[PDB]
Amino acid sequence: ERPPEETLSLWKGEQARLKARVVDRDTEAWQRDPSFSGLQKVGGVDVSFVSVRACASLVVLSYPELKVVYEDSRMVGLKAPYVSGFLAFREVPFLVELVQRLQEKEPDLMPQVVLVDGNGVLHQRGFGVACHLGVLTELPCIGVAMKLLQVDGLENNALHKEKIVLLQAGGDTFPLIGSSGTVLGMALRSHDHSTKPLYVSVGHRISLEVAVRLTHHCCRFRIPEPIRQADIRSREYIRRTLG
């Protein structure tokens, strides 16, 4: 099912209002440090389905060791359908509740930055789920997407695929430049033995260049370890109650 236009119209209005609070530069001392000295805790989130039955997961990993120091998985009911450009309106209230639970249970494990599976400013109205989560919690957030959201002239055509071929080693990047001339994100080759890139964008309180480089440092495999461990735990949490 798809929401009526009157509902999407309210949602667009809310995205435009909250967009004013996005901060697209570094605001934390570790972010300006050549090796991120002072960064100790990286968060990742996930919301998986068995709809209605879904699992929202939050993990916190140590940095740079990338070991899980916190995990929480909660069975939730998301009735909102998926509409591209409105991902936050189906999951962000449950992700906020997970952050609030962490604050009440293990406040010293509050992450210094959260990797979100979905875009930040690379978005139809420049305000993706990673921005939305960052503004509601005021945590620094990075958007990490597996496919390219085709907005502002960006398209996964042959020219885009040629640039992907030029990504040869882990850490290699190319910028996603919209028709406006704005840089919306970066395509990142996240490790040496993978060819399909990550699409990284700013959520909140971080610069793009820092966001890219940290994402790279969190990649044992293609998927950054915080997002990957949240994915694993949400489906393994499902296996425990179902089956």
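Sequential numbering from 1, following the sequence displayed.
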Next on the checklist: Zero if continuous, otherwise a range: how many residues of the deposited sequence are missing coordinates between residue 50 and residue 51 (none, 1 to 3, 4 to 9, 10 or more)?
Outcome noted: 1 to 3
Checklist entry - 206 to 214 versus 173 to 181: which one carries the higher mean Cα B factor per the record? => result 173 to 181
Checklist outcome for this item: Mean B factor on CA atoms, stretches 158 to 166 and 90 to 98, record says higher is 158 to 166
Next on the checklist: Out of 109, 145, 75, 121, whose C-alpha atom has the biggest B factor in the entry?
Outcome noted: 75
Checklist outcome for this item: Note to self: of 55, 58, 188, 42, the C-alpha temperature factor tops out at 55
Item to check | Within-chain third of residue 23 by Cα B-factor, per the entry | outcome: lowest
Item to check | Third of the chain, ranked by Cα B-factor, where residue 141 sits | outcome: lowest
Next on the checklist: Using only modelled residues of the chain, where does the Cα B factor of residue 125 rank: lowest third, middle third or highest third?
Outcome noted: middle
Checklist entry - Ranked by Cα temperature factor within the chain, is residue 83 in the lowest third, the middle third or the highest third? => result middle
Checklist outcome for this item: For residue 12, the third of its chain by CA B-factor is the middle
